[PDB]
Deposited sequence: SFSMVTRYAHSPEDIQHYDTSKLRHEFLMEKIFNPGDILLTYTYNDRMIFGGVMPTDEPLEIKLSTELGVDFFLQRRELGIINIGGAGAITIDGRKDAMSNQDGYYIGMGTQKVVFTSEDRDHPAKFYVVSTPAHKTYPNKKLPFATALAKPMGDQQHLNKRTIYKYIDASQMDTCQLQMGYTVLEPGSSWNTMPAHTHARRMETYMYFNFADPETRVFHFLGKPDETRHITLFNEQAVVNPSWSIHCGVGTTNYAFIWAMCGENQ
């Protein structure tokens, strides 16, 4: 199955009049990884496409062309990939490259065919994909987790003992607009601290909840997030959230 919903952009004044149901609908993607399905979100906040691909029996491919007014998906877009599930693979125009857990992959503009596959049907791969518009072609690059930018951050007094892993960084590679990273908070910490998209996952306990704040620096609102859910953070909003236990998340930037 396949599903991509369209979500519009709003002003800070517009979200003042949203009840908790309206606010969740406009900013929260509630389902990302369903076995065998592709679930994407198109937000007019900088026209980013994000979601999850979890292959089971048949391999999946983002067959988008008429929907975006182009001949193929990445004709005018770049793509960032992070695998949060079991071992899998990605096939770029015939080239097959193995992607284990926590492995990343950047795919440049112009690449026409990208097919996602998993190694085990019962333990499928969970590809978190993000796509932004692109005007220039940059070379494709595999980002193995072994050689990933590991930079420890935060202390215990501030509830932010974390480790940030920069996959697609402007210092390590050149990109049109997309930047992607992966931050894990250690137990005892839950705080994380101009368009951004946060996808929370790897909750410590099954009853964990992450409270994500959005809005102007003082006229703030919040959204309650459960495991494997994402929130769009427009440029006019603050980037901060806090959890009941520790967690992990994948961020993506553009603008």
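Deposited-sequence stretches lacking C-alpha coordinates, listed in sequence order = Missing from the model are residues 194-201, 264-266.
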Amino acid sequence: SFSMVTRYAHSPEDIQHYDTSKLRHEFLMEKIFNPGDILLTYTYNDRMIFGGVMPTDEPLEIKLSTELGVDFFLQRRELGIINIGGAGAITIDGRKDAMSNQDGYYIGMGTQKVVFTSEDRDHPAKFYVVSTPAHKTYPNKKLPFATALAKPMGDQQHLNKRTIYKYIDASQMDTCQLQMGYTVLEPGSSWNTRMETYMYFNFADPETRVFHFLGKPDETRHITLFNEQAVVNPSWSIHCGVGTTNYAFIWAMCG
From here on, numbers count along this sequence of modelled residues.
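Would you mind comparing 141-149 and 158-166 for me and telling me which has the higher average C-alpha temperature factor in the entry?
-> Between 158-166 and 141-149, it is 141-149 that shows the higher mean C-alpha B-factor.
Between 38-46 and 54-62, point out the one with the higher average CA B-factor as the PDB entry records it.
-> Comparing 38-46 with 54-62, the higher mean C-alpha B-factor belongs to 54-62.
Taking the values exactly as deposited, rank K31 by C-alpha B-factor within its chain and report the matching third: lowest, middle or highest.
-> Tercile = middle for this residue's CA B-factor.
Is the Cα B-factor recorded for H239 in the lowest, middle or highest third of its chain?
-> Middle third, going by the recorded CA B-factors of the chain.
Using the B-factors in the PDB entry, rank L74's C-alpha atom against the chain and give the third, lowest, middle or highest.
-> Middle third - that is where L74 ends up once the chain's C-alpha B-factors are sorted.
Ranked C-alpha temperature factor of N101 among modelled chain residues, by third | Highest third of the chain for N101's C-alpha B-factor.
Once the chain's modelled residues are ordered by C-alpha B factor and cut into thirds, is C176 in the lowest, middle or highest one?
-> It belongs to the middle third of the chain when residues are ordered by C-alpha B-factor.
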